[PDB]
């Protein structure tokens, strides 16, 4: 939702991956494998962490009794106190449910944002020595081994090296 990635063009996610939130699954010569991108995972977690420190927070404003549970106060002032407290309860119940919905919209769409940032950071590494498969992988039209893979995953990969190979592999 909203950035098109999660529950979008990358249909369903990976119960497999356990070292992080976002990750690479490759299929090359040596076979299939997976590995988690720590850098996008950390940017998500610590943004979520920011939200929790803002809300799991302490009022230091003290309130006292204006009321009495044992010997009821005079009923006119009693009804004004209850009327006021009920009105304030309405405000905070509204604030709370709106706060949680608002930050939930932002949390979900913030995670969706962090992978489209991941998708299009490598689409930019691999220049046009690949194309988009459409469902969130990259068709590498040249050969890339387990050392060329970690080349992408850690942002070293040069595309000029395999530009030659790839340009006519694609025709």
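Positions refer to the first chain, counted from 1.
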query: Stretch with the greater mean C-alpha B-factor as recorded in the entry, comparing 116-124 against 98-106; finding: 116-124
query: Average Cα temperature factor in the PDB entry - higher stretch of 6-14, 157-165; finding: 157-165
query: Residue with highest C-alpha B-factor in the PDB entry, from 44, 55, 29, 65; finding: 29
query: Position of residue 37 among the chain's modelled residues by C-alpha B-factor, lowest, middle or highest third; finding: middle
